[PDB]
Amino acid sequence: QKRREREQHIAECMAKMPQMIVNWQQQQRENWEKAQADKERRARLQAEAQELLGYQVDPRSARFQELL
Amino acid sequence: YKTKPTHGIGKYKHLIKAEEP
Amino acid sequence: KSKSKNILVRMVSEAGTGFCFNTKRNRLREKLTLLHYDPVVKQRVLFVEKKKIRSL
Amino acid sequence: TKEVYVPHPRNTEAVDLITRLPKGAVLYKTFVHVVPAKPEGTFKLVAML
Amino acid sequence: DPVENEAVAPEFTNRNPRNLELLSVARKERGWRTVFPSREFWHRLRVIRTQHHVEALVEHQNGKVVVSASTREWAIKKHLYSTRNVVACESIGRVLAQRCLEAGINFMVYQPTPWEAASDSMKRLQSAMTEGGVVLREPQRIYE
Amino acid sequence: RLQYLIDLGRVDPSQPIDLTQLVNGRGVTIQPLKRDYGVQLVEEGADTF
Amino acid sequence: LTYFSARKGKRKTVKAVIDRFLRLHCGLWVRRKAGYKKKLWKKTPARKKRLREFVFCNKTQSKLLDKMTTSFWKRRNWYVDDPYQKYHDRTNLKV
Amino acid sequence: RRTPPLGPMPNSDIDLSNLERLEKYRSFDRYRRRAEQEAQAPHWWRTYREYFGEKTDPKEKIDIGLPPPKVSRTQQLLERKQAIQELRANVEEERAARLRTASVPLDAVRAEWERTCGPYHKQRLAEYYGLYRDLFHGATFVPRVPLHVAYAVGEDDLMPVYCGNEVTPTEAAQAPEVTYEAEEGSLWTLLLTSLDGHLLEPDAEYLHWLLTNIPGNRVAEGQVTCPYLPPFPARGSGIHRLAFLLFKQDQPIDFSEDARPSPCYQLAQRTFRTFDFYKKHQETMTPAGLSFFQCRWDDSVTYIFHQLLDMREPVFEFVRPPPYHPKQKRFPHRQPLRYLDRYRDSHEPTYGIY
Amino acid sequence: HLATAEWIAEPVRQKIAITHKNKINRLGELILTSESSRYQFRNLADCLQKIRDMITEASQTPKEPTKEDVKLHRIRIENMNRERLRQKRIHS
RNA sequence: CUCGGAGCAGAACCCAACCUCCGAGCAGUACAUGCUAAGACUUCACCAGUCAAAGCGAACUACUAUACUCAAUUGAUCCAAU
Ligand SMILES: [K+]
Ligand SMILES: [Mg+2]
Ligand SMILES: [Mg+2]
């Protein structure tokens, strides 16, 4: 009985695995796709500074993150 | 090897400009 | 000693085989879900973090 | 033996060196080899069917 | 009353240079891991591009040229507008593939540089070889 | 060993053979105090038995 | 070591040895590797496989373990389905 | 202690005073080209070529073939340059090349290749296969008479023989169709030999076919000095080389000492050596053409052994050297338990005296 | 002698001759050999089991596509190119 | 007070001083850093440590892909937790 139950548990869990993978992998791609979007935003915030570098380069980005 | 006639056949750094910051 | 960055966690197979392996992850990142080879089923399956073993 | 040294085109550091060498200059390095002593095998009569 | 025809030597001597290679039991020259290109092959396709011509060689690892196709040949040159363009490289691939099959060469390795592999010329030459029947990978040696 | 004992007349095949007869023929030495539980018949010599 | 016990006047076995080493009847001693269950997370697969091996002791250690164990532990045993049965006897050993 | 170099050291001709003004490679491809050239030159130090390169004889290979054809380079170059201008003048040819839609006619290329470089490519390929090594003890010849050999398979299909392509013994069960270009009054000798088939002597060959005193290219009218025997590569013996050799005769020749009976099913009579056959007839015979194919065992070879040669079929197997192990020691310190299995003959339990 | 053997079905006899043609000698006898044991009994038992496996495989007529061996893969390419060199007669 | 690199110790190995200098007690990327197995190396013993063909299973016909980058980046037995 123990062996039969363990094999059945694995079989059931392993019949769900294929669908689990596509969902996981599709979400990993989205996670990676969501990091790239965040990267683009930072570059835009630097252009808004317009080369007015100095001490007031960090807080400017903070102001715009609050807006988002 | 030092004693052998082929000593230094692998020398190369004398052929490149000295780039030492 | 005081410094603390990563942690050691136990990754448990989702195939129900009970096979587990330990991996290192950043403390400030989310729980890991990994595709890892499970010897019991003899093919790569999803593993999900269950417990933190220790601080690395 | 001593042989001419050609690095892999993906080995960035080595490729940067050879491109800066004066034309006509060839790098050499020392290589070690094993000369195989025995053949991979032999064909032997196993049956007369 | 032994049969004269049944006098067979206990060991068979096969002097065919390609025999052990065709059985995929011959040694390949492994090693040379720190230099380029690898020596771990029996035959390799080597493409020589010059200012005026395109030549493709199939050579054994021992350095013997097996078959060759060059735009210097009148047989090929007479049909080419240019001997230095992509069309010339594709033509060399098609001609070489036919000569390979007639010589019995069905497998070879190709060892391009990164820029060569990305070039359209070499991509068209490789497709010509594979369409022509030649496989540009070699079967693994059988050790056991 | 069993065939050897029979050929020399040390074990009698005309009667049932058990531990007592094997021990009485000095064919095997059993040590119950050393956790011996008896004899195991092994195949060695099957071709010529 | 107790060379002569107070009750029997006999040599005693060092039981620490019995808990760690397997004696093959041919004279060889088998052991596990120290640290084979320690800090596996920081050790490579190749190292971990080496640590799992059952290995033989050298001459000096074998002589020492023989002295630290009484004759009982050197007898030939016939355990049923012994995993180590094949290794009790040497084969093709010269000199 | 130092020792002076035995010759010019690499990179000595580089003037190190004007290093900044000297031209650099700048490209991996330019260094590699120079590196490959340097590797091929002879050196006074130890080299890979010294230990692994085939030891060719210093004396050049004797040429035993027909004279090269006489060509007028001036007239040839004029006609060739004119043809290229006509091809390049066409505007559609320029557009097909620019749009990468042009192609060459492979059949026409091969026909011209047969008449130009073909002979030298066949010589190079025959040298690679070891035919000159085995058939003429290193002497070479340029096959200047194209030899076309094809085995009839079925009724509508032919299997051509080129220079190393694989033909099965079933396809070669009957004599092939042979054609070449020959002038009227010329005499020719065709022979087929198996370089690797001999089952007894390592350096001997089997004569599978010998046609002598062929008038022109009418192969069916030549004398059958040795009748056709299909290839019989033994199972497990690998891939064999069968070579067709065409010889141009200066006169009619008497081949009575090479005549084999019809049929000839005795392997001792088929034993043959091309070097000896040619050496005695060299004064009146010259190698002209060459074709060869590669053959491995197939199920039809059993029929040749069982029926035609009236013998049991020899089977061979490729046997590898036994594995090396160091001398077994009484105390294999730090070796795994499986060390003992490396020196065990049998896997079945032993019980000794018991 | 495979052909004479009447304890094997005739269709089975004809399919074994094709599958195990390499084990049948000139006289027509199917020869099996086992040398994997010290004991003649086990060697004979192995040979007898091979006979039982041969008859089972022939009767089973399995149509399952077996995985191609590595040595066979190279021969497949070589056979493909040999067919590709095949020509037709100009005037049939 | 343990570990690594360099000089002393110029060229196989080894080589000391409360000798001369600089470092380490991690980090990052993987998630087949899966399994298994010839033959070897070894810090002068032991312990420990190191490199690996073939094979299985993967990956693969774009990835200097196959024992990850990295110099050291580390702790025996008992015992405890599970
Ligand atoms: K032979
Ligand atoms: Mg040591
Ligand atoms: Mg491997």
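When reading the values below, keep in mind they use all heavy atoms of this one structure, side chains included, and skip hydrogens, waters and symmetry mates. Letters A, B, ... mirror the listed sequences (proteins, then strands); counts begin at 1.
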Original post:
What is the sugar pucker of J/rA37, north (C3'-endo side) or south (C2'-endo side), as given by the torsion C1'-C2'-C3'-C4'?
Top reply: north

**OP:** With heavy atoms under 4.0 Å as the rule, sort E/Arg30 into base, sugar-phosphate or nothing.
**Re:** sugar-phosphate

**OP:** Indicate, with a heavy-atom threshold strictly under 4.0 Å, whether B/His7 touches base, sugar-phosphate, or nothing.
**Re:** nothing

Original post:
If we call it a pair only when both distances are under 3.5 Å in a Watson-Crick or G-U wobble match, what pairs with J/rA9?
Top reply: none

**OP:** Side chain of B/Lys2 only, please: which of J/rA11, J/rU77, J/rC46 is the nearest?
**Re:** J/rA11

Subject >> Separation between the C1' atoms of J/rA11 and J/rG34, rounded to whole Å >> reply: 46 Å

Original post:
Any chance the bases of neighbours J/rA52 and J/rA53 are stacked, by the 5.5 Å centre and 30° plane criterion?
Top reply: no

**OP:** Could you check whether the rings of G/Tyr87 and G/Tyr84 sit parallel, tilted or perpendicular, using 30° and 60° as the cut-offs?
**Re:** tilted

Original post:
If we call a positive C1'-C2'-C3'-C4' torsion north and a negative one south, what is the sugar of J/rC44?
Top reply: south

Original post:
With positive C1'-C2'-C3'-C4' meaning north and negative meaning south, how does J/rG7 come out?
Top reply: north

**OP:** Would you classify J/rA17 as syn or anti? Syn applies when the glycosidic angle is within 90° of 0.
**Re:** syn

Original post:
How far does the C1' atom of J/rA9 sit from the matching atom of J/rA16, given to the nearest Å?
Top reply: 11 Å

Original post:
Sub-3.5 Å donor-acceptor pair from the side chain of E/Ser127 to the main-chain atoms of E/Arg124, do we have one?
Top reply: no

Original post:
When you match H/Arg2 and C/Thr23 each to their closest nucleotide on RNA chain J, which lands nearer the 5' end?
Top reply: H/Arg2

**OP:** For C/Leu32 and J/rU29, give me the distance from atom CG to atom P, rounded to whole Å.
**Re:** 12 Å

Subject >> Sugar-phosphate, base or nothing in reach of B/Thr3, heavy atoms under 4.0 Å >> reply: base

Original post:
Which part of the nucleic acid does C/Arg10 contact within heavy-atom distance under 4.0 Å: base, sugar-phosphate only, or nothing?
Top reply: nothing

Original post:
Looking at H/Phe331, does the NZ or CZ of G/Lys59 lie under 6.0 angstrom from its six-membered ring centre and within 45 degrees of the ring axis?
Top reply: no

**OP:** Based on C1'-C2'-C3'-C4', put the sugar of J/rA9 on the north side (positive) or the south side (negative).
**Re:** south

**OP:** Apply salt bridge (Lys or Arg N to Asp or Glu O under 4.0 Å) to the pair D/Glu3 and D/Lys29, showing each step before the final yes or no.
**Re:** CA-CA 6 Å; D/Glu3 309 292 352; D/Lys29 296 203 180 285; over 6 Å; no

**OP:** May I ask which nucleotide in the shown strands pairs with J/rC3, Watson-Crick or G-U wobble, both distances under 3.5 Å?
**Re:** J/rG23

Original post:
Would you call the sugar of J/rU74 north or south from its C1'-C2'-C3'-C4' torsion?
Top reply: north

**OP:** Answer with yes or no whether E/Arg141 presents, from its side chain, a donor or acceptor under 3.5 Å of a partner atom in the base of J/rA54.
**Re:** no

**OP:** Could you tell me how the ring of C/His36 sits relative to the ring of C/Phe47: parallel (under 30°), tilted (30 to 60°) or perpendicular (over 60°)?
**Re:** perpendicular

**OP:** Would you mind pulling out the nucleotide paired to J/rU64, Watson-Crick or G-U wobble, both distances under 3.5 Å?
**Re:** none

Original post:
Do the six-membered rings of J/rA76 and J/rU77 pass both checks: centres under 5.5 Å apart and planes under 30 degrees?
Top reply: yes

Subject >> N-O pairing of H/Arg32 and H/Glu36 below 4.0 Å >> reply: yes

**OP:** May I ask whether J/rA40 and J/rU50 form a pair, defined as Watson-Crick or G-U wobble with both distances under 3.5 Å?
**Re:** yes

Subject >> Separation of atom CD in D/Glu13 from atom P in J/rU69, rounded to whole Å >> reply: 16 Å

Subject >> Contact nearer the 5' end of RNA chain J, comparing E/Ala117 with G/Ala34 >> reply: G/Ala34

Original post:
Just by modelled atom types, is the E/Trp42 backbone N or O under 3.5 Å from a matching donor or acceptor in the E/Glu138 side chain?
Top reply: yes

Original post:
Expressed in whole Å, how much space separates the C1' atoms belonging to J/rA40 and J/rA53?
Top reply: 12 Å

Original post:
According to a strict under-4.0 Å criterion, is E/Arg33 in side-chain N/O contact with OP1 or OP2 of J/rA65?
Top reply: yes

**OP:** Using a strict 4.0 Å threshold on nitrogen-to-oxygen distance, state whether B/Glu19 and D/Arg20 make a salt bridge.
**Re:** yes

Original post:
Taking all non-hydrogen atoms of both residues, which atom of H/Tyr51 and which atom of H/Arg46 are closest, and how far apart?
Top reply: OH-CD, 3.3 Å

**OP:** Can you see which heavy atom on C/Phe19 is nearest to which on C/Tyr37, and at what distance?
**Re:** CE2-O, 4.0 Å

Subject >> J/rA12|J/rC13 base stack, centroid gap <5.5 Å, plane angle <30° >> reply: yes

**OP:** Do nucleotides 32-39 of chain J as a string where each nucleotide becomes B, S or -: B if the base has a protein heavy atom under 4.0 Å, S if just the sugar-phosphate does, - if no protein is that close.
**Re:** BSSSBBSS

Original post:
Ion pair present between E/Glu59 and E/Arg44, side-chain N to carboxylate O less than 4.0 angstrom?
Top reply: yes

**OP:** Quickly work out the G/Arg20 CZ to J/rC47 P distance and round it to whole Å.
**Re:** 15 Å

Original post:
Any side-chain N or O of G/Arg50 under 4.0 Å from OP1/OP2 of J/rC51?
Top reply: yes

Original post:
Roughly, in whole Å, what's the span from CD in C/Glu49 to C1' in J/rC31?
Top reply: 14 Å

Original post:
How far, in whole Å, is J/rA27 from J/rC70 if one measures between their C1' atoms?
Top reply: 9 Å

Subject >> For J/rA30, the Watson-Crick or wobble partner whose two distances fall under 3.5 Å >> reply: none

Original post:
For the adjacent nucleotides J/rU43 and J/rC44, are both criteria met: ring-centre separation under 5.5 Å and interplanar angle under 30°?
Top reply: no

Original post:
Taking all atoms of both residues into account, what is the closest heavy-atom pair of E/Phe107 and I/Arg74, and its distance?
Top reply: CE1-CG, 3.6 Å

**OP:** From the options J/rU50, J/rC47, J/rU64, select the nucleotide whose nearest atom is closest to the side chain of D/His8.
**Re:** J/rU64

Original post:
Nearest to the side chain of G/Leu51 - J/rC47, J/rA11, J/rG49?
Top reply: J/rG49

Original post:
Can a salt bridge be assigned to the pair E/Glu90 and H/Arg100 using a cut-off of 4.0 Å between side-chain N and carboxylate O?
Top reply: no

**OP:** Provide the distance between the two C1' atoms, one in J/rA48 and one in J/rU2, to the nearest whole Å.
**Re:** 14 Å

Subject >> G/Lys49/G/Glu53 salt bridge by N-O under 4.0 Å criterion >> reply: yes

Original post:
J/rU74 and J/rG4: how far apart are their P atoms, nearest whole angstrom?
Top reply: 13 Å

**OP:** For J/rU77 versus J/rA62, give the span between their P atoms, rounded off to a whole number of Å.
**Re:** 49 Å

**OP:** Report the base-pairing partner of J/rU74 (Watson-Crick or G-U wobble, both distances below 3.5 angstrom), or none.
**Re:** none

**OP:** Determine the interatomic distance between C1' on J/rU43 and the same-named atom on J/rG5; round to the nearest Å.
**Re:** 15 Å

Original post:
Would J/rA62 be called syn or anti, given that syn covers angles within 90° of 0?
Top reply: anti

Original post:
Quick one: G/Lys37 NZ to J/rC78 P, roughly how many Å, whole number?
Top reply: 6 Å

**OP:** Ignoring backbone atoms, establish whether H/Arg334 has a side-chain N or O less than 4.0 Å from OP1 or OP2 of J/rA48.
**Re:** yes

Subject >> Consecutive bases J/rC63, J/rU64 stacked per 5.5 Å and 30° rule >> reply: no

Which atoms of nucleotides 21-27 of chain J (N or O only) lie under 3.5 Å from a protein N or O atom, and what are those distances?
residue: J/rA27; atom: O3'; partner: C/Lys5; partner atom: NZ; Å: 3.0

Original post:
To the nearest angstrom, how far is E/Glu131 atom CD from J/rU61 atom P?
Top reply: 19 Å

Original post:
According to a 3.5 Å cut-off on both distances, are J/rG39 and J/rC51 Watson-Crick or G-U wobble paired?
Top reply: yes

